[PDB]
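Asks: This is the structure I want to talk about, given as structure tokens.
Protein chains: 2
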Amino acid sequence: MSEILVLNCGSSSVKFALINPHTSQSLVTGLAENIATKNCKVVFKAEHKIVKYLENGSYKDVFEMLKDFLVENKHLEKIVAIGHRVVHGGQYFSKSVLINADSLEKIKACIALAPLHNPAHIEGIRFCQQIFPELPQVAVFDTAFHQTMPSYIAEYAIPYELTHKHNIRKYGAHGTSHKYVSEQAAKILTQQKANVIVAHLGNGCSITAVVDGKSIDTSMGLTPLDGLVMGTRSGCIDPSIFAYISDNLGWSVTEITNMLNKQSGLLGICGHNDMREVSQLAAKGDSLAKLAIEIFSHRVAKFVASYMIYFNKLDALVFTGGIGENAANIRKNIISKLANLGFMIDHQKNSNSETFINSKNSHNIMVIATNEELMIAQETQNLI
Amino acid sequence: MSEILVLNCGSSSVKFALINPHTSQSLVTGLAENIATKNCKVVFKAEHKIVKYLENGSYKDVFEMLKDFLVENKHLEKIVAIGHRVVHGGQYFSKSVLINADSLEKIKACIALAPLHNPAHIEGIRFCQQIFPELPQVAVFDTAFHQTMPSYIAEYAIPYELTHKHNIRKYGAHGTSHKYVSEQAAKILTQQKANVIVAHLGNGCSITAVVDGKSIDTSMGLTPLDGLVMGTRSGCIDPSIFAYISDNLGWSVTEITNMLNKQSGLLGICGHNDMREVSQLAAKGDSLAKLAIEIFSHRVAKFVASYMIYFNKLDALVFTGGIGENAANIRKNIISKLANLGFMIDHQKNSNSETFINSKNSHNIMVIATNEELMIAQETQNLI
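Chains as they are written, first to last, in UniProt numbering: chain A, 1 to 384; chain B, 1 to 384.
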């Protein structure tokens, strides 16, 4: 009957789920958003949906409302631990860990590496210590899975001292998703270990080569900004743009970096960050939306192609994430761009988002739902 | 019997060659260095090498000395035109052009794209207008060849206004070498234009996908900093490194960019920028030199793999440039990493850098010497 409270704390949002690790069931899921604004609200999804508005609600208010809900609905007594999604564990963590003085010190040190992510994770952990004092807590790092990437792949071609004294290298992210999905792939294919390429396509997008079950290369970088085109993130770009923009427009590094993270990607190209809206606009003939789809899909194809280098035999190309799981048109586009590499879609299977969507003469092409919350619950249960 | 004078006019240097476009023969080559300093000197290489020192010689003094040499050795009368290398032609130039007020205006508008070179190119042209008034002049752009890249490939995923108002996109470079080499490959391979991937590996390194003789994708970006690992340039790196260094170490955009351009690449990794010295050190057992070679070679292999998407049938992978033409160990290492993609080297053919260096069961792998000065002479001849 034990449950794990799973959290993903963001700058103005808290995503939560109550999961039974023994049954793998998600009993309650929810999302607080627009925190610290007049539009603050918390959506609870249990048997039925309940939306609770809290004008000007703070992060602490949100946690108190979450606790109130757990108490009133008699979940608090069943909860044995809290698992936190933490984006960046730097070179410190290659697996999940209990939250205590040491791990917290390290998570704090990694703020430098993921300044747009780790502060909120830590704030969440602190609220939980205050509000659920007697529960053990676990951190599950989106960089952990990628810690197996070898130096010749992960390191950049920069001064030794920057690499080693300042820990600058490729870390990747979405690790929990890539781990969960690649393990699911091996299970479905009845393999002990997966040899797959996993494309996690959602608001953020990344892709990872998994060889014998371990990440060997991945698209995000020092931070989740790098690699694929995303909702508001640029992904790959010539570092020369900093000097160019600074010299010519006078923007600061902070301003340029904010633009790459918040005003770029699909949003920058066509004016919409939501791929669903972009698809609908493109279908109606919007030229920029159509272009955004081409740039997005072509870059995914280029990464898949590049990762073929790692495989004597590729078990499967796997789609996951909000877009990967649901957007048949995007999967079709990416696969059409991979025709020369022996990938081919079965349109009927694709339209239904089946587990396998490839035709007969093609590498396996799979659609697998990610479940980061369940993975976090399991990682957490393992440590208590 | 006619001759073309080929120039690369830099801020403190003039590289020159006298070429017969019809016989393809380079009659004289040379380099003026340290112009307007105590150590100003001009090297002339014809039958033998001659070094002429000219303490504090002006850029104008250099040109008069060049003229004097061409008069004294009876070359001047045979010269029919002057071809100028221009590093960046933006979106204005997709081919070589005769120099006139119009084209000069356009070149001037590209200054922001190459702020340290395009001015020196222009000044050199003006010196030539004064000193060789009778001769037609042609500009040949390192960026022109890549102007066939389609927008969904060349554009970054950034705000529309940055792309279009401010011309921020991938331009690539080494265009004159990629064009010349793919042209040579076409003469050797089949009846049609070449379908080849060209890896130009020298002090700068870039790789290009050429389909039916036209560039469709290439590794350098806005400037020649991006893409492959090079002697002192980082190539690809997470843009997030700017905020990290600026915020944590307090460096300026200029200092960070200088670091990526001048202290990175092989030099940054192992302490040596010259690939020959890196190879020699690695061969004696230096593990960092070995790592530098692994990082360098793997990145080339990743780009080759990524470019496979463009080809129904790849005609050849082609190595060129100072390293590509001469470094058998480096080519062997790169092809080694491409084993899963059906590339295999023949060691004895590789040892002599033969036209074909692949073994029996392999895509074609070639070594073709580049000759950018000849290409500039041919482009120039074509317009006069």
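For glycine and all other residues, C-beta sits at the position ideal for the given N, C-alpha and C.
Would you verify that the beta carbon of residue 388 of chain A is, or is not, closer than 9 Å to some beta carbon of chain B?
Replies: Lying outside 1 to 384, the shown extent of chain A, residue 388 of chain A is not represented and no answer is given.
Asks: Taking beta-carbon pairs under 9 Å, can you tell me which members of the stretch 232 to 244 of chain A lie near chain B?
Replies: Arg233, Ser234, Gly235, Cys236, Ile237, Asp238, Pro239, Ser240, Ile241, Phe242, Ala243 and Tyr244
Asks: Check the Cβ of B/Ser246 against every Cβ in chain A and list those closer than 7 Å, keeping chain order.
Replies: Taking a Cβ-Cβ cut-off of 7 Å, the neighbours of B/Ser246 in chain A comprise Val253, given in sequence order.
Asks: What does DSSP give as the partner residue(s) for A/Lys165 in the beta ladder?
Replies: Answer is none; A/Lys165 lacks a bridge partner.
Asks: Could you have a look at A/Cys236 and say whether DSSP puts it in helix, strand or coil?
Replies: coil
Asks: Do you know how far the Cα of A/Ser11 is from the Cα of A/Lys38?
Replies: 16 Å
Asks: Show which residues of chain B have a CB atom less than 9 Å away from the CB atom of A/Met259.
Replies: Counting only Cβ-Cβ distances below 9 Å, A/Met259 has contacts in chain B at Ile158, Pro159 and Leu162, in chain order.
Asks: Roughly how many whole angstroms lie between the Cα atoms of A/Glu277 and B/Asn34?
Replies: 58 Å
Asks: Does any CB atom of chain C fall closer than 9 Å to the CB of B/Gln91?
Replies: Looking for chain C here will not work: the only protein chains present are A and B.
Asks: For A/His200, list the residues DSSP reports as bridge partners.
Replies: A/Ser206 and A/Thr320
Asks: Applying the criterion that 16 or more other CB atoms from any shown protein chain within 10 Å of the CB defines a buried residue, is A/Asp217 buried or exposed?
Replies: buried
Asks: Under 6 Å Cβ to Cβ from A/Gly271, same chain only, skipping five residues before and after it: list those, please.
Replies: none
Asks: Is it true that the CB of B/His117 sits closer than 9 Å to the CB of B/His84?
Replies: no
Asks: Classify A/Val198 as buried or exposed, calling it buried when 16 or more other Cβ atoms lie within 10 Å of its own Cβ.
Replies: buried
Asks: Compute the distance between the beta-carbons of B/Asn8 and B/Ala36, then report whether it is under 9 Å.
Replies: no
Asks: Report the three-state DSSP secondary structure of B/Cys9 (helix, strand or coil).
Replies: strand
Asks: Measure the C-alpha to C-alpha separation of B/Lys165 and A/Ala109 and round it to an integer number of angstroms.
Replies: Spanning the two alpha carbons is a distance of roughly 40 Å.
Asks: Does A/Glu3 come out as helix, strand or coil in the three-state DSSP assignment?
Replies: strand
Asks: Hey, would you say A/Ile295 sits closer than 9 Å to B/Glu47, going by beta carbons?
Replies: Between A/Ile295 and B/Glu47, the CB-CB gap reaches or exceeds 9 Å.
Asks: What does DSSP give as the partner residues of A/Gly271 in its beta bridges?
Replies: In the DSSP output, where bridge partners are listed per residue, A/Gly271 has none listed.
Asks: Note down, in chain order, every chain A residue with its Cβ under 9 Å from the Cβ of B/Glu277.
Replies: Result: empty, since nearest Cβ-Cβ is about 16 Å, beyond 9 Å.
Asks: Check the Cβ of A/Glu294 against every Cβ in chain B and list those closer than 7 Å, keeping chain order.
Replies: Simply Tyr152.
Asks: In the DSSP assignment, find the alpha helix (DSSP H) that holds A/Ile293 and state where it starts and stops.
Replies: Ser287 to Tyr307
Asks: So, does the CB of B/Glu325 fall closer than 9 Å to a CB anywhere in chain A?
Replies: no
Asks: Taking Cβ-Cβ distances shorter than 7 Å, what residues in chain B pair up with residue 402 of chain A?
Replies: Because residue 402 of chain A is not part of the residues shown, which for chain A are 1 to 384, the question remains open.
Asks: Using a Cβ-Cβ distance cut-off of 9 Å, determine whether B/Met230 contacts chain A.
Replies: With 9 Å as the cut-off, B/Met230 counts as an interface residue toward chain A.
Asks: Just the chain B side, please: which residues come within less than 8 Å of A/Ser306 by C-beta, in chain order?
Replies: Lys302, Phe303, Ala305 and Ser306
Asks: Any chance you could list the beta strand (DSSP E) runs of at least 3 consecutive residues sitting entirely within the stretch 54 to 109 of chain A, in chain order?
Replies: Taking only runs of at least 3 residues, the beta strand (DSSP E) segments lying wholly in the stretch 54 to 109 of chain A are 79 to 86.
Asks: Taking the CB atoms as reference points, tell me whether A/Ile345 and A/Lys332 lie closer together than 9 Å.
Replies: yes
Asks: If you check the beta carbons only, do B/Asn261 and B/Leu225 fall under 9 Å apart?
Replies: Yes, the Cβ-Cβ distance between B/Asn261 and B/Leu225 is below 9 Å.
Asks: Mapping the DSSP letters down to three states, classify B/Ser26 as helix, strand or coil.
Replies: strand
Asks: Using a 10 Å radius around the Cβ and a threshold of 16 neighbouring Cβ atoms, would you call B/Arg169 buried or exposed?
Replies: buried
Asks: Is the CB-CB distance between A/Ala327 and A/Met275 below 9 Å?
Replies: yes
Asks: Using a Cβ-Cβ cutoff of 7 Å, what residues of the stretch 194 to 226 of chain A are near chain B? List them in chain order.
Replies: Residues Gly221, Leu222, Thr223, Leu225 and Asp226.
Asks: I want to verify the contact list: residues of chain A whose CB lies under 9 Å from the CB of B/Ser11, in sequence order.
Replies: Neighbours of B/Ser11 on chain A: none; closest Cβ ~17 Å, over 9 Å.
Asks: Looking at the unbroken alpha helix (DSSP H) that takes in A/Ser351, where does it start and where does it end?
Replies: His347 to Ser351
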